[PDB]
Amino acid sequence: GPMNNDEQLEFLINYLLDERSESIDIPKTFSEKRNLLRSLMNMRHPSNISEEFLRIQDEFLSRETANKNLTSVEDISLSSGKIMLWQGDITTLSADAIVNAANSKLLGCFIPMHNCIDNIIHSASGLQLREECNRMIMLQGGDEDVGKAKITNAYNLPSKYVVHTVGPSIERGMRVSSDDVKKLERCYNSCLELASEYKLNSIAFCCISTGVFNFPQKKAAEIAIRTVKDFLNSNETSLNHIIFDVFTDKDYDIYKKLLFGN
């Protein structure tokens, strides 16, 4: 009969355990049981899975998505021209496309429960995301360079597409080279160019390179804003709304000062 919420969750865990030959007792709460699935999903290198698993995975995750506090693009009220500014979780936002800050293998994040945007996006979207990116890397025959863009379905997310870009990474101790500036520009240009070719009306960016890859937050923002404006000045595009989705208070405050002059 109709497997309810707990019965679906408890199925999926057992599946991934039995494919790695073990079993640990199922924790008490819903919350701890939920993190075990995340953990098992994050850790699973790409390969075939049963259509039964996908179907049920999709029912479970779509439901979770539908029960969050979703935000529509037309409901963001802070805007300057086609640019909007918004603080919130990119997995709650109904844009045509969201941008993922990814790595050169484009497989997402293998640490259980890490809070990088790559893990967060793959954990809400589903295993199909890793599988689709893996088919694209295999056909390309080679890792993805910094500053390009690739597009995929968004699966159980509330958006339609995900755009994957790999930003530059700043070694601990070193200052930012003119070459690193140019590469982070190219991330923004590639993502705009791709969404333009797909004729999308809205895209949401995260603050690429500013977490694990350790780019200074203020300098990143000056670049992101100048690049987006030069692109909108210089091209025709179907884009009406380009959303800087910021996650930390400090990035909110940085972006707010530079866009809305105090």
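Numbers for residues come from their place in the sequence shown, where the first is 1.
Engineer: Determine, for stretches 225 to 233 and 56 to 64, which one has the higher mean CA B-factor as deposited.
Structural biologist: Looking at the recorded C-alpha B-factors, 56 to 64 comes out higher on average.
Engineer: Per the record, averaged over C-alpha atoms, which has the higher B-factor: 214 to 222 or 24 to 32?
Structural biologist: Between 24 to 32 and 214 to 222, it is 24 to 32.
Engineer: Quick one: which of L194, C207, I49, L200 shows the highest Cα temperature factor in the PDB entry?
Structural biologist: That would be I49.
Engineer: Which has the highest CA B-factor per the PDB entry: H114, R135, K148, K82?
Structural biologist: Among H114, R135, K148, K82, the highest C-alpha B-factor in the entry belongs to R135.
Engineer: Just say lowest, middle or highest third for the CA B-factor of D245 relative to the other modelled residues in its chain.
Structural biologist: As the PDB entry reports it, the C-alpha B-factor of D245 lands in the lowest third of its chain.
Engineer: Lowest, middle or highest third: which one holds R175 when the chain's residues are ordered by CA B-factor from the entry?
Structural biologist: Highest third.
Engineer: Going by what the PDB entry lists, where does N156 fall on CA B-factor within its chain: lowest, middle or highest third?
Structural biologist: Middle third by C-alpha B-factor.
Engineer: If you rank every modelled residue in this chain by C-alpha B factor, which third holds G167: lowest, middle or highest?
Structural biologist: Within its chain, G167 is a lowest-third residue by C-alpha B-factor, going by the deposited values.
Engineer: Should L139 be placed in the lowest, middle or highest third of its chain by the C-alpha B factor in the entry?
Structural biologist: It belongs to the highest third of the chain when residues are ordered by C-alpha B-factor.
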